[PDB]
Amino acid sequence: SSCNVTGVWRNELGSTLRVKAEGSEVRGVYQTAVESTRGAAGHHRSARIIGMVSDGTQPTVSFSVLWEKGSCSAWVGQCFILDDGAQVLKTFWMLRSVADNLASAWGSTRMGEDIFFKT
């Protein structure tokens, strides 16, 4: 019983992650159900993702998103296959907001946990 990163995923915020694994890379499309300020994520709150995925029964993943307005996000996670059979992607993320210069950037990094379930 394997956890397969390829698929369509939904997080606890209601964001959708559509992902295709090929070789050791991932591509696809992230639609965020929220943004940090109006505009940030763009026209349909959507952007391309690019990243890596490991081999194995419970693979690790890492992937990046650049948001239309110049902020950017990164996730690292592992695909686990639960005892009830649900496929689950446990991730932490960083969101990096554009700063004006180095001195004002101390506060430009946010973090959190996204849990993605297959739909």
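A residue's number is simply how far along the shown sequence it sits, counting from 1.
Colleague: Quick one: say whether 59 to 67 or 39 to 47 has the higher mean Cα B-factor in the deposited entry.
Modeller: Stretch with the higher mean C-alpha B-factor: 39 to 47.
Colleague: Between 48 to 56 and 70 to 78, which has the higher average C-alpha B-factor in the PDB entry?
Modeller: Per the PDB entry, the higher value belongs to 48 to 56.
Colleague: Given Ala21, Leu17, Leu13, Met111, identify the residue with the highest C-alpha B factor in the PDB entry.
Modeller: Among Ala21, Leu17, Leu13, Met111, the PDB entry lists the largest C-alpha B-factor for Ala21.
Colleague: Give the position of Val98 by CA B-factor within its chain, expressed as the lowest, middle or highest third.
Modeller: As the PDB entry reports it, the C-alpha B-factor of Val98 lands in the middle third of its chain.
Colleague: Could you say whether, by C-alpha temperature factor, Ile115 belongs to the lowest, middle or highest third of its chain?
Modeller: Bottom third by C-alpha B-factor.
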